[PDB]
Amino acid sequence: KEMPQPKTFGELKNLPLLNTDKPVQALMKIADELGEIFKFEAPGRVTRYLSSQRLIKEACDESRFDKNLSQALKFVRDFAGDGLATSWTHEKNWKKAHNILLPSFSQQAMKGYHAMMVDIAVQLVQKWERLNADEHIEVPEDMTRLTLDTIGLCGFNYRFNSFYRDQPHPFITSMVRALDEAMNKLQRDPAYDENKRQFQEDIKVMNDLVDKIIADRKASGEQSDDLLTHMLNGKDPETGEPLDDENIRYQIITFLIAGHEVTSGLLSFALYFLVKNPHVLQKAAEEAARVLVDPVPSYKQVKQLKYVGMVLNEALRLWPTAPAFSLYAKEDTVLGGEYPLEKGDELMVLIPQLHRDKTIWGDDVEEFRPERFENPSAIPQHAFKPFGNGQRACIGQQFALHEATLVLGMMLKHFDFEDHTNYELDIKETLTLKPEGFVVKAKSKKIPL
């Protein structure tokens, strides 16, 4: 009945607990101490962190709870606008953009993005093929180069050309800095004035490039296999309306901000777990060699990479790279038969803890075992939620998993990997999670592309 709560700091309540560079991992440790639910208070804010499948399955009842904009998402909305990820469900532009964009994110739609995904993936493989002996790979750095360029190409047929650069394209630099400012604002006024000025400058950089490309495309009339073409031509069946140019810009910004980092983090975590578990690596590499028999992988071949998909799902279980999502009670309701909630009360779903609920997964929750996902029928409802919940779940789920399966498959086909530093897992936190400083050596298998 009475809800646990971590230590307080006088008038600041629990807020200083987030004044750390690893806040999700701090919240996980608190959940370990306090259990399936704890209250978290800040000045002008009350929320409750959920960690058990028992309670999270109720929170995922869409008749009782709707998506809430966390403070992180509210600050991201200052540059992602009413794009899909930072809109309320009841805003006209959410359902409109949802209806228009859903068919362009389906599994069947991945057939049309596949060639562009292969384009960037081959660039990644060629980079690693061209490394000199005993040079090494900066894994999250290269994975982020790949995912940003892939979303850039598939999103609006624009080449960031990240593999030609040490300093990223100015759009990416502003994007990363804007995300950092949004997340840094959480932990916090006269000293912050330069941050505010830079933030507005970074917003302008992103808007100017995306607005320019949209305008360029409308003037040219060119049709491509990208999401921008789909949005310029699509109409919502419900309203009969297309997306306007401002919302199209916010969607493109959203694809980049919401999709690039979770996906590069997943690839980096997956390669981390592979090099730490050589038996799993061998099994995954066998499949990649058996399935990817052509110099360029086909769409159908990627779907056959079953064990690679199991590797990726188990990596998402241990370290879901979007670590939380927020909900609010649509009306007064009782959670778990003992926690009465009032209309509008907020909940946070702490995904890494859900994925460690021993009542669902057994005692070996900390072990990396892709075989847990060998038969997807064994996974209970709402025990595994790396892509969120319900109608507000990740629209890019099929995109992310096709991208990651293709790239991981090509990596395992073309290289043997060495954990030459015996890397100690160090998880950097931004809006997302990724393994900082993860480096490997790759010895080519000398298979042509």
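Counting begins at 1, following the sequence as shown.
Unmodelled deposited residues between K343 and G344: none, per the record. Between the stretches 348-356 and 189-197, it is 189-197 that shows the larger average CA temperature factor.
Stretch comparison (277-285 versus 199-207) by mean CA B-factor in the PDB entry places 199-207 on top.
The top Cα temperature factor in the record, among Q398, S63, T405, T47, falls on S63. Take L34, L27, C394, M410 and read off each C-alpha B-factor from the entry; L34 has the highest.
Ranked by C-alpha B-factor against the other modelled residues of its chain, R77 falls in the lowest third. Among the modelled residues of its chain, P23 has a C-alpha B-factor that falls in the lowest third according to the deposited record. The entry lists a Cα temperature factor for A383 that places it in the highest third of the chain's modelled residues. For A178, the recorded CA B-factor ranks within the middle third of the chain. Only modelled residues enter the ranking. In the deposited entry, the Cα temperature factor of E11 sits in the top third of values across the chain's modelled residues.
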